[PDB]
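Architecture and fold: a report
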Amino acid sequence: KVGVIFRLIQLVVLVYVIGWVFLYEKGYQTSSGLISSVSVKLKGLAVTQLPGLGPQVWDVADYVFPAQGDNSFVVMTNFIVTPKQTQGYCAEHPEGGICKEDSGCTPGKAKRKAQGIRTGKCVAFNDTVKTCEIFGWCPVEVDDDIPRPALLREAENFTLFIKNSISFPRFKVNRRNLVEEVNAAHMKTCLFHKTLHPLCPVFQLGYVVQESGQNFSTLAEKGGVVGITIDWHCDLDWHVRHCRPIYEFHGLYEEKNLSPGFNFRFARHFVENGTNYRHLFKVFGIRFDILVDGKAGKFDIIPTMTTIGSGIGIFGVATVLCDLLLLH
Amino acid sequence: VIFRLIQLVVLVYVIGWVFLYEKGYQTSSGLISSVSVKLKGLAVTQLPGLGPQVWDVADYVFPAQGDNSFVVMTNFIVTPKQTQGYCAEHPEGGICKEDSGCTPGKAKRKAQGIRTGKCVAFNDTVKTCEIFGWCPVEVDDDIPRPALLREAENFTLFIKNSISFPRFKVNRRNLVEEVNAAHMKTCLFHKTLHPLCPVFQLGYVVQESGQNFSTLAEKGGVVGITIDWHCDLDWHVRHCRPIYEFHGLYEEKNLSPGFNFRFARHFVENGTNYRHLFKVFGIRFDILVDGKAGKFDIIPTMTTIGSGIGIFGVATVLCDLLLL
Amino acid sequence: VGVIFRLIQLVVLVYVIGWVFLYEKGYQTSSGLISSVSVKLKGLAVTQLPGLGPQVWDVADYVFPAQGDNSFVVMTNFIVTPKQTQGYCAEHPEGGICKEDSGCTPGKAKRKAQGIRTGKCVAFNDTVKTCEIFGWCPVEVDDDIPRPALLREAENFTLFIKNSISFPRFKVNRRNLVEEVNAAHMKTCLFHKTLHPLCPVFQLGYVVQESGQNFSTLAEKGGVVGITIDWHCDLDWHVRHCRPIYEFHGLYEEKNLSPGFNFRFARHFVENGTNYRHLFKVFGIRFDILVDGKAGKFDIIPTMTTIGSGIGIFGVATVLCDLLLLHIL
Ligand SMILES: Nc1ncnc2c1ncn2[C@@H]1O[C@H](COP(=O)(O)OP(=O)(O)OP(=O)(O)O)[C@@H](O)[C@H]1O
Ligand SMILES: Nc1ncnc2c1ncn2[C@@H]1O[C@H](COP(=O)(O)OP(=O)(O)OP(=O)(O)O)[C@@H](O)[C@H]1O
Ligand SMILES: Nc1ncnc2c1ncn2[C@@H]1O[C@H](COP(=O)(O)OP(=O)(O)OP(=O)(O)O)[C@@H](O)[C@H]1O
Ligand SMILES: CC(C)CCC[C@@H](C)[C@H]1CC[C@H]2[C@@H]3CC=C4C[C@@H](O)CC[C@]4(C)[C@H]3CC[C@]12C
Ligand SMILES: CC(C)CCC[C@@H](C)[C@H]1CC[C@H]2[C@@H]3CC=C4C[C@@H](O)CC[C@]4(C)[C@H]3CC[C@]12C
Ligand SMILES: CC(C)CCC[C@@H](C)[C@H]1CC[C@H]2[C@@H]3CC=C4C[C@@H](O)CC[C@]4(C)[C@H]3CC[C@]12C
């Protein structure tokens, strides 16, 4: 009965190997990619009482800078506005050259960062320091006084709405972020929590940043970067109703570096009294990147046949190894 | 000798199957691509304000540079001449009833103003609250059934895709199918008749998506174009022509249909800051590409020849075991 | 004999496992990466223009997606057609030719439309004429592309790239600014493929457009440049030895039916009581910044399964050698 016992042991080993191969979903299921489309819709307000008077309100279309969605969008969090900018010869900015007596600066564009077409003169900047005279946007920026109170910190309570639609080809199955569990009644009193309500897509910017690993009120002065990822891991063997996304906010938390924080200049032009003016904002804001990836598969007979053939081959190899070790 | 001949035949058949089915004698590469989109059309809106505007190439393609994913106007409800002031809040904020209903502070979820607290009348019979902000004129829910900025189904998209193929250092472009010189003045895109001209039509990009354009422009929608470059790159230099498959990317109807956003353009009239606010129900086009390619390399050929010889040995072992 | 054959088989197996360990990196768990970029351009250009009014294009005046978005256009040429307004005016000599008053009909001219045609014939220029259209009145004339390239001083703009990537499976975060690069280097650093390969890629037109392309003709009519950032590093060593490599692509140079890349964009304003717009046909450079990478760590499951595969391949090699010896016996 030694031979029968050995044959039974080999058969059991082969069965276990086949079960392991069919486990982990390594085989018997196809692999397909996905195509995605993401839209965002922020909703909030912000008071902007400024010592320069003229209170202003930043609406939904005033801080979302792409203003129409896109994967990578920026939400304004702070700014240094220099209104009523016009073209004309006047004093330059410091850290770009110091004028001693009509000799420090020579006519021509300066190397690397430039502020205007230098003409050559010692025009008294109203900071006890005399600099060069340039031809450009006359009221130059003053970015030293970054606003500590975080003028638009009230963005902590904004509600981001990530509407995601995907399609798996080769199965022609299309799904959306709004899973049939979430209905209209769950969109008026809905927030997002990773354990309590993991399906409703109405996130809160404060909460998103908090789960990003970045403390708020310190990246508001100089906007950081936040990355949201919507993993779509689904199996088409079961009903399509079991296709749900997983949100993971891998926030690249640094809070201290050589050049920390996002920052960009943007200007809006207009015409007043027949002269072209310009409003320039140095906006610091938090940029959200919404990366979408996934993999789904279903029953196909070719991968099943290939896996069964590989299982037969590895079972034969195992029997060869067992015979070899028994020979020794 | 019969068994040896059968084993040799099985081995050579396996080798041929490995070489010709999965194409194991060639390597693989990724894809780096750039997409440039240039719409060209016109649409006129006879708004009831006696202000007939003309919307041209720079007025409805919202990302003017034409990114990979962009948006085309198909409907709007303009709310012009907006300044900063106090007036009645939109009724979704609440209902006034008594003067004590309104409270100071912003709203909870969707704030429209500071809500200082008063009971001004928004309509002739409905009073909500008093808010300070972009107050004078507020956006409403009056989506135009005739679908203003219609006839967007006659525009001509133009995808000037480019391909890199870094490892093989072979550069290909969508525009040049090695024959395109006068097929650009008068061409369309048909999946069977003219599958090479990249001057699409928004009628022939939504229709093959499986969604009718009659209800797509009312509340917006999403359309996806793939342009996947599946080129053999081995027995040719040309024959890298891409294939297009406009994916449906979800059907219409259902909860929260379509896709609409809001944007605004500021201006100065009499020393007071103003704002033109548009709510846009525009289609969204996404262009995401992929490719594999492949070229003759000796290392993968040797690796798969070794794998084939191993498979042949395993098959011979299995046959010998079965015979015994 | 038998001992020699066993030693040869053991040596072959050892070589096989060494090859599969030091070539395919079997004891590693390859994973993707997530990424974000923040592109900041610095520079200044001045245009005279035949309008007798000098213009200065500032930091936020040429780069249009003025927040990054890893796909942006740095304007290098334009054809300004200012002071446009709604009215009935003549059409461009590309949608039709006005032989007489009956040569044009109301409609949108099918493919390419510049205005709602009315039918009347109005003289334009001197001989060509045209059909009247209701729309933006002064039609654009893009026939005369400026050869001196106007905003041609783009061979000195700096392109500070602030790339931050994260590998989630190992939960590691890295940035473009390698710890070696500090504030003392950012004051004056220029990216070079051999001498300074770590500080972010600067100076469009000198070490960015030198990808088998020439700024001379890549700014007169626009063009496309692709910067790919590869993060190929392993967390087996210290995290310090994880630095990216930049490669600039040469997608095409010239000799094409539709070369370059240009787009029309309009800036609106209101004067007196009428809405006007400035229309720019911007010819620019599209910089596609694409970042990819891969990383792995030593884990027990991959090394166990690769040692099992090595044992299997050693056994199959042994039985193949035995069969060969039997056939050659
Ligand atoms: N940030 C958000 N917070 C709360 N609800 C949101 C948010 N973004 C989107 N929604 C909801 O998404 C749905 C989409 O509908 P729709 O686009 O008509 O909304 P809306 O622009 O806010 O319109 P309305 O002016 O009619 O309230 C709405 O029911 C809206 O309440
Ligand atoms: N729908 C379309 N979108 C883009 N280009 C189109 C379209 N239909 C035709 N074309 C043709 O594409 C060609 C390449 O476009 P290109 O940007 O180089 O020219 P353009 O700015 O349109 O020139 P012009 O206005 O002087 O005809 C043009 O000659 C144009 O006639
Ligand atoms: N495109 C560029 N070319 C050259 N130097 C640049 C460029 N972008 C940024 N820098 C320099 O690198 C640093 C970036 O720091 P950071 O992002 O905090 O900017 P910043 O201090 O807000 O900039 P700025 O002073 O110009 O307003 C600064 O010292 C700046 O001079
Ligand atoms: C086909 C003979 C040789 C049996 C050996 C293969 C066995 C292990 C395979 C073949 C078909 C397989 C099944 C095919 C389909 C399904 C339905 C799915 O919802 C759960 C898994 C399940 C139930 C699979 C389990 C594993 C399975 C039973
Ligand atoms: C050692 C023996 C088995 C010969 C190995 C090579 C044999 C199997 C032959 C069979 C099919 C052949 C390929 C068939 C077609 C082409 C396309 C041609 O443009 C280049 C050569 C190439 C790519 C051949 C390479 C060699 C090839 C793989
Ligand atoms: C025949 C077998 C058992 C011999 C040993 C094989 C395994 C255990 C060996 C072979 C190669 C080895 C690796 C080679 C190099 C390094 C880098 C070093 O910084 C940490 C250890 C690490 C990651 C080793 C871990 C152990 C390792 C994976």
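In its metadata, the entry names cryo-EM as the structure determination method and reports 3.60 Å as the resolution.

Right, let's get into the interface of chain A and chain C. Taken together, the contact between chain A and chain C spans 41 residues of the former and 42 residues of the latter. Among the secondary structure elements, those contributing two or more residues to the side of chain A that touches chain C are β6 (130-137), β11 (225-235), β13 (264-272), β14 (275-297) and α4 (301-327) of chain A. Looking at the side of chain A that touches chain C element by element, the count peaks at six residues for β13 of chain A. Here the side of chain A that touches chain C is composed, by residue class, of 19 nonpolar, 14 polar and eight charged.

Turning our attention to the UniProt feature "binding site: ATP" in chain A. The positions UniProt marks with the feature "binding site: ATP" are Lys41, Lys43, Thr159, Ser259, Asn263, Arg265 and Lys282 of chain A. Their sequence span is 242 residues, while the largest C-alpha to C-alpha distance among them is 30.4 Å; these annotated residues do not converge on one region. Counting through the fold element by element, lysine 41 of chain A comes out in the loop between β1 (35-39) and α2 (60-63). The residues touching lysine 41 of chain A, leaving out its near neighbours within four places in the chain, are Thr159, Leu160 and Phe161 of chain A together with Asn260 and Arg262 of chain B. In this fold, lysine 43 of chain A is placed in the loop between β1 and α2. The residues contacting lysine 43 of chain A, other than those within four sequence positions of it, are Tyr63, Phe158 and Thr159 of chain A together with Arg109 and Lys110 of chain B.

Turning our eyes to something else, we now look at the environment of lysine 23 of chain B. Note that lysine 23 of chain B resides in the loop between α1 (2-21) and β1 (33-34). Contacts of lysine 23 of chain B, omitting those with residues within four sequence positions, involve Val18 and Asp232 of chain B.

All names here are of chain B. In spatial order, the strands read β4-β12-β9; together these three strands make up an open sheet with mixed pairing. Single-partner strands in this sheet number two, and they are β4 (69-72) and β9 (221-225). Here the average twist between neighbouring strands, direction ignored, is 20°. Pairing between β9 and strand β12 (residues 283-287): five bridges, direction parallel. Within β12, the residue paired with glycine 221 across the bridge is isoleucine 283.

Attention now moves to the state of the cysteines. Here is the idea: a disulfide is a covalent bond, and it sits between the sulfur atoms of two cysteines. One disulfide bridge connects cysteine 96 of chain B with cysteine 119 of chain B, the sulfur atoms lying 2.0 Å from each other. Here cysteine 96 of chain B and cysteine 119 of chain B share a disulfide; its torsion about the S-S bond, -135°, makes the bridge left-handed. Taken together, the residues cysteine 96 of chain B in the loop between β5 (85-88) and β6 (130-133) and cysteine 119 of chain B in the loop between β5 and β6 connect sequence positions 23 residues apart. Here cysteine 104 of chain C is linked by a disulfide to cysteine 131 of chain C, with a sulfur-sulfur distance of 2.0 Å. Its S-S torsion of approximately -60° makes the covalent link between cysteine 104 of chain C and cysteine 131 of chain C left-handed. Note that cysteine 104 of chain C is positioned in the loop between β7 (86-90) and β8 (116-121) and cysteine 131 of chain C in strand β9 (residues 131-136), a separation of 27 residues in sequence.

Let us look at the UniProt feature "binding site: ATP" in chain C. As annotated in UniProt, the feature "binding site: ATP" corresponds to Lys40, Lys42, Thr158, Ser258, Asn262, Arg264 and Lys281 of chain C in the numbering used here. Positionally, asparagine 262 of chain C belongs in strand β15 (residues 262-271). When sequence neighbours within four positions are dropped, the list of residues in contact with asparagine 262 of chain C reads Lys38 of chain B together with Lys281, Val282 and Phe283 of chain C. In terms of polar contacts, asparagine 262 of chain C uses its side chain to reach the side chain of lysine 38 of chain B, at 2.6 Å. Mapped onto the secondary structure, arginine 264 of chain C falls in strand β15.

A few words now on the domain arrangement of chain A. Structurally, chain A comprises domain 1 (2-26 + 301-327), domain 2 (37-83 + 156-297) and domain 3 (87-138). Look at where the C-alpha atoms of domain 1 of chain A and domain 2 of chain A centre, and you get two points 51 Å apart.

With that out of the way, let us pick up the environment of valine 21 of chain A. All names here are of chain A. By the secondary structure assignment, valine 21 is in helix α1 (residues 2-22). Residues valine 21 and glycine 311, 290 residues apart in the sequence, show an inter-C-alpha distance of 7.5 Å. When sequence neighbours within four positions are dropped, the list of residues in contact with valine 21 reads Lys26, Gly27, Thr307 and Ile314.

On to the pairing of β15 of chain C, then. Pairing between β15 of chain C and strand β16 (residues 274-294) of chain C: ten bridges, direction antiparallel. For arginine 264 of chain C, the partnering residue across the bridge sits in β16 of chain C and is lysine 281 of chain C.

Basis of the calculations
Residues numbered from 1 in each chain as written, not as in the entry; some residues may be left out. Chains lettered and ligands numbered in written order. Heavy atoms only, no water. Residues with missing side-chain atoms left out of burial classes, pairs and counts. Contact = heavy atoms within 4.5 Å. Helix = DSSP H or I, 4+ residues; strand = E, 2+ residues; numbered from the N terminus. Nonpolar A, V, L, I, M, F, W, Y, C, P; charged D, E, K, R; others polar. UniProt positions renumbered as here; feature names shortened; annotations may be inferred. Pairing = 2+ DSSP bridges. Axes fitted to C-alpha atoms, helices over the stretch in contact; angles between N-to-C directions. Disulfide = S-S within 2.5 Å. Polar contact = N/O pair within 3.5 Å; in protein donor to acceptor, adjacent residues only side chain to side chain. Domains from an automatic or database assignment.

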